[PDB]
$ cat input.pdb   # PDB, C-alpha atoms
MODEL        1
ATOM      1  CA  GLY A   1     119.056 108.828  91.973  1.00  0.00           C
ATOM      2  CA  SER A   2     121.129 111.890  92.836  1.00  0.00           C
ATOM      3  CA  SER A   3     122.464 111.090  96.307  1.00  0.00           C
ATOM      4  CA  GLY A   4     120.642 113.702  98.365  1.00  0.00           C
ATOM      5  CA  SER A   5     117.461 113.440 100.420  1.00  0.00           C
ATOM      6  CA  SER A   6     115.815 115.198 103.365  1.00  0.00           C
ATOM      7  CA  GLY A   7     112.644 113.237 104.052  1.00  0.00           C
ATOM      8  CA  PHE A   8     110.657 115.629 106.230  1.00  0.00           C
ATOM      9  CA  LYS A   9     107.983 114.720 108.778  1.00  0.00           C
ATOM     10  CA  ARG A  10     104.634 113.717 107.278  1.00  0.00           C
ATOM     11  CA  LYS A  11     101.409 112.701 109.023  1.00  0.00           C
ATOM     12  CA  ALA A  12      98.952 112.726 106.119  1.00  0.00           C
ATOM     13  CA  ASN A  13      98.832 109.493 104.119  1.00  0.00           C
ATOM     14  CA  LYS A  14      98.341 111.251 100.781  1.00  0.00           C
ATOM     15  CA  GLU A  15     100.110 108.287  99.185  1.00  0.00           C
ATOM     16  CA  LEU A  16      97.332 105.938 100.301  1.00  0.00           C
ATOM     17  CA  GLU A  17      94.814 108.091  98.432  1.00  0.00           C
ATOM     18  CA  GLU A  18      96.878 107.731  95.256  1.00  0.00           C
ATOM     19  CA  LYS A  19      97.706 104.023  95.438  1.00  0.00           C
ATOM     20  CA  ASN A  20      94.050 103.524  96.360  1.00  0.00           C
ATOM     21  CA  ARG A  21      92.455 105.575  93.582  1.00  0.00           C
ATOM     22  CA  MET A  22      94.908 104.082  91.089  1.00  0.00           C
ATOM     23  CA  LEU A  23      93.800 100.545  91.946  1.00  0.00           C
ATOM     24  CA  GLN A  24      90.198 101.392  91.064  1.00  0.00           C
ATOM     25  CA  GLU A  25      91.072 102.754  87.623  1.00  0.00           C
ATOM     26  CA  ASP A  26      93.574  99.916  87.239  1.00  0.00           C
ATOM     27  CA  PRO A  27      91.591  96.744  88.045  1.00  0.00           C
ATOM     28  CA  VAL A  28      94.247  94.644  86.311  1.00  0.00           C
ATOM     29  CA  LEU A  29      97.145  95.955  88.398  1.00  0.00           C
ATOM     30  CA  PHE A  30      95.297  94.954  91.568  1.00  0.00           C
ATOM     31  CA  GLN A  31      95.521  91.286  90.587  1.00  0.00           C
ATOM     32  CA  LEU A  32      99.306  91.599  90.804  1.00  0.00           C
ATOM     33  CA  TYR A  33      99.327  93.323  94.194  1.00  0.00           C
ATOM     34  CA  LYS A  34      97.257  90.383  95.435  1.00  0.00           C
ATOM     35  CA  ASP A  35      99.001  87.425  93.797  1.00  0.00           C
ATOM     36  CA  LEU A  36     102.048  88.906  95.526  1.00  0.00           C
ATOM     37  CA  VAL A  37     100.764  90.469  98.747  1.00  0.00           C
ATOM     38  CA  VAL A  38      97.738  88.205  99.166  1.00  0.00           C
ATOM     39  CA  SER A  39     100.171  85.349  98.543  1.00  0.00           C
ATOM     40  CA  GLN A  40     102.138  86.289 101.659  1.00  0.00           C
ATOM     41  CA  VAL A  41     105.198  86.703  99.436  1.00  0.00           C
ATOM     42  CA  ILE A  42     105.871  90.409  99.948  1.00  0.00           C
ATOM     43  CA  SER A  43     104.629  93.378 101.977  1.00  0.00           C
ATOM     44  CA  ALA A  44     102.142  95.921 100.631  1.00  0.00           C
ATOM     45  CA  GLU A  45     104.778  98.601 101.212  1.00  0.00           C
ATOM     46  CA  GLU A  46     107.209  96.699  98.988  1.00  0.00           C
ATOM     47  CA  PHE A  47     104.708  96.394  96.139  1.00  0.00           C
ATOM     48  CA  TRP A  48     104.226 100.149  95.774  1.00  0.00           C
ATOM     49  CA  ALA A  49     107.828 100.785  96.812  1.00  0.00           C
ATOM     50  CA  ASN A  50     108.851  99.740  93.300  1.00  0.00           C
ATOM     51  CA  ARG A  51     105.531 100.364  91.553  1.00  0.00           C
ATOM     52  CA  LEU A  52     106.265 104.086  91.841  1.00  0.00           C
ATOM     53  CA  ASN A  53     109.609 104.164  90.029  1.00  0.00           C
ATOM     54  CA  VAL A  54     108.958 107.368  88.085  1.00  0.00           C
ATOM     55  CA  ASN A  55     105.251 108.103  88.503  1.00  0.00           C
ATOM     56  CA  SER A  56     105.368 111.538  90.133  1.00  0.00           C
ATOM     57  CA  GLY A  57     102.939 114.402  90.661  1.00  0.00           C
ATOM     58  CA  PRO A  58     103.372 118.031  89.554  1.00  0.00           C
ATOM     59  CA  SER A  59     103.658 121.008  91.905  1.00  0.00           C
ATOM     60  CA  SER A  60     101.073 123.677  92.725  1.00  0.00           C
ATOM     61  CA  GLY A  61     103.024 126.928  92.760  1.00  0.00           C
TER      62      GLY A  61
ENDMDL
END

$ encode --input "input.pdb" --output "structure tokens"
Amino acid sequence: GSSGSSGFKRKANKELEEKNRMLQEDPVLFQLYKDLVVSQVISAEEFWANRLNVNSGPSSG
């Protein structure tokens, strides 16, 4: 939203862990990711790209 990003280097695919775990708990959402991705309509990256519009995680310290 607020024009201003830094995007630092990141090797760990923490995201994968989230999007992955989420799928399990959300067996219904998966169907969508497929009907779209498995349908060769869009790219997996795109799916989540929007999926995570607000869903954010809290900080530690």

$ resolve_selection --input "input.pdb" --expression "the PyMOL selection byres ((chain A and resi 22-34) around 12)" --output "ChimeraX atom specification"
/A:15-21,35-52,55

$ atom_distance --input "input.pdb" --atom1 "atom CA of residue 7 of chain A" --atom2 "atom CA of residue 56 of chain A"
15.8 Å

$ atom_distance --input "input.pdb" --atom1 "atom CA of residue 14 of chain A" --atom2 "atom CA of residue 57 of chain A"
11.6 Å

$ build_atoms --input "input.pdb" --residues "segment 2-34 of chain A" --atoms "N, CA and C atoms" --output "compact mmCIF listing (two decimals), in the frame of the given file"
# COMPACT_ATOMS: atom_id res chain seq x y z
N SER A 2 120.09 110.98 92.37
CA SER A 2 121.13 111.89 92.84
C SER A 2 121.23 111.87 94.36
N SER A 3 122.26 111.19 94.87
CA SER A 3 122.46 111.09 96.31
C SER A 3 122.17 112.42 97.00
N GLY A 4 121.02 112.49 97.67
CA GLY A 4 120.64 113.70 98.36
C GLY A 4 119.17 113.73 98.71
N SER A 5 118.85 113.45 99.97
CA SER A 5 117.46 113.44 100.42
C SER A 5 117.32 114.17 101.75
N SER A 6 116.09 114.50 102.12
CA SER A 6 115.82 115.20 103.36
C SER A 6 114.70 114.51 104.14
N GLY A 7 113.75 113.92 103.41
CA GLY A 7 112.64 113.24 104.05
C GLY A 7 112.16 113.96 105.29
N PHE A 8 111.21 114.87 105.11
CA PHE A 8 110.66 115.63 106.23
C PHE A 8 109.49 114.89 106.87
N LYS A 9 109.09 115.34 108.06
CA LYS A 9 107.98 114.72 108.78
C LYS A 9 106.69 114.82 107.98
N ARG A 10 105.90 113.75 108.00
CA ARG A 10 104.63 113.72 107.28
C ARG A 10 103.62 112.84 108.00
N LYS A 11 102.47 113.43 108.33
CA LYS A 11 101.41 112.70 109.02
C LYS A 11 100.35 112.21 108.04
N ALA A 12 99.95 113.08 107.12
CA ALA A 12 98.95 112.73 106.12
C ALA A 12 99.42 111.56 105.25
N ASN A 13 98.51 110.65 104.94
CA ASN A 13 98.83 109.49 104.12
C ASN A 13 98.41 109.72 102.67
N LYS A 14 98.69 110.91 102.16
CA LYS A 14 98.34 111.25 100.78
C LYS A 14 98.60 110.07 99.85
N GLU A 15 99.75 109.43 100.02
CA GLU A 15 100.11 108.29 99.18
C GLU A 15 98.96 107.29 99.09
N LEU A 16 98.44 106.89 100.25
CA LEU A 16 97.33 105.94 100.30
C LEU A 16 96.24 106.32 99.31
N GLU A 17 95.85 107.60 99.33
CA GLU A 17 94.81 108.09 98.43
C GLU A 17 95.16 107.78 96.98
N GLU A 18 96.42 107.99 96.62
CA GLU A 18 96.88 107.73 95.26
C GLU A 18 96.83 106.24 94.94
N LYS A 19 97.65 105.46 95.64
CA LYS A 19 97.71 104.02 95.44
C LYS A 19 96.31 103.42 95.45
N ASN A 20 95.42 104.01 96.25
CA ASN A 20 94.05 103.52 96.36
C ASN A 20 93.26 103.85 95.09
N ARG A 21 93.18 105.13 94.77
CA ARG A 21 92.46 105.58 93.58
C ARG A 21 92.97 104.87 92.33
N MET A 22 94.29 104.74 92.23
CA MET A 22 94.91 104.08 91.09
C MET A 22 94.35 102.67 90.90
N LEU A 23 94.31 101.91 91.99
CA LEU A 23 93.80 100.54 91.95
C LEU A 23 92.45 100.49 91.23
N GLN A 24 91.53 101.34 91.66
CA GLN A 24 90.20 101.39 91.06
C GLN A 24 90.29 101.48 89.54
N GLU A 25 90.92 102.55 89.06
CA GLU A 25 91.07 102.75 87.62
C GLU A 25 91.83 101.60 86.98
N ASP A 26 92.78 101.03 87.73
CA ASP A 26 93.57 99.92 87.24
C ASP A 26 93.19 98.62 87.94
N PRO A 27 92.09 98.00 87.48
CA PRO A 27 91.59 96.74 88.04
C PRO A 27 92.51 95.56 87.75
N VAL A 28 93.32 95.70 86.70
CA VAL A 28 94.25 94.64 86.31
C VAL A 28 95.48 94.64 87.21
N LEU A 29 95.97 95.82 87.54
CA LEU A 29 97.14 95.96 88.40
C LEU A 29 96.89 95.34 89.77
N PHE A 30 95.67 95.50 90.27
CA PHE A 30 95.30 94.95 91.57
C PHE A 30 95.64 93.47 91.66
N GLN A 31 95.26 92.72 90.63
CA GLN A 31 95.52 91.29 90.59
C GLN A 31 96.96 90.98 91.00
N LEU A 32 97.89 91.78 90.49
CA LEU A 32 99.31 91.60 90.80
C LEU A 32 99.57 91.83 92.29
N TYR A 33 99.14 92.98 92.79
CA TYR A 33 99.33 93.32 94.19
C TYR A 33 98.86 92.19 95.10
N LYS A 34 97.81 91.49 94.67
CA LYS A 34 97.26 90.38 95.44
C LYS A 34 98.13 89.14 95.29
